[PDB]
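**Q** Generate a structure from the sequence data that follows.
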Amino acid sequence: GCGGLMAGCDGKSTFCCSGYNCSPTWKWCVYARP
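**A** Residues are numbered from 1 along each chain as shown. Coordinates below:
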């Protein structure tokens, strides 16, 4: 659903809320920085 700032993601393809990005090494959603 909507997860951001160390939010539980669990999935390298899981999408966060908005502006966040799930990390495959930490399994959570944090700020995105390409």
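
**Q** Chain neighbours aside, what residue packs nearest to residue 6?
**A** residue 28 (4.9 Å; Cβ to Cβ, 6 or more residues apart in numbering). In short, each C-beta sits where N, CA and C put it, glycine included.

**Q** so who does residue 14 touch?
**A** Residue 14 sits next to 3, 22, 29 when contact means Cβ atoms under 8 Å, 6 or more residues apart in numbering.

**Q** What residues are bridge-paired with the residue nearest to residue 6?
**A** Counting by DSSP bridges, residue 28 is bridged to residue 8.

**Q** number of nearby residues for it?
**A** Residue 28: 19 surrounding residues under other Cβ atoms under 10 Å.

**Q** Name the nearest of the contacts of residue 14 relative to residue 9.
**A** Residue 9 lies nearest to residue 22 out of the contacts of residue 14, by Cβ to Cβ, at 3.5 Å.

**Q** from memory that closest one sits against residue 5, does it?
**A** No. In this structure residue 22 lies outside contact range of residue 5 using Cβ atoms under 8 Å: 12.0 Å.

**Q** what's the overlap in contacts for these two?
**A** residue 29.

**Q** quick one: which of these two has more around it?
**A** residue 22 (21 against 11).

**Q** Okay, and the beta partners of the more buried one?
**A** Judged by DSSP bridges, the bridge partners of residue 22 are residue 29.

**Q** residues contacting it?
**A** Counted by Cβ under 8 Å, 6+ apart, residue 22 has contacts 3, 9, 11, 12, 13, 14, 15, 16, 28, 29.

**Q** Start from the N-terminal end of the chain and give the strands.
**A** Secondary structure of the chain (DSSP state E): strands located at 7-8, 20-22, 28-31.

**Q** Just say which of those is most tucked in.
**A** Highest mean neighbour count among these (mean count of other Cβ atoms under 10 Å): strand 20-22, with a mean of 19.

**Q** Just the buried subset of the contacts of residue 22, please.
**A** The neighbour-count test (16 or more other Cβ atoms under 10 Å) marks 3, 9, 14, 16, 28, 29 as buried among these.
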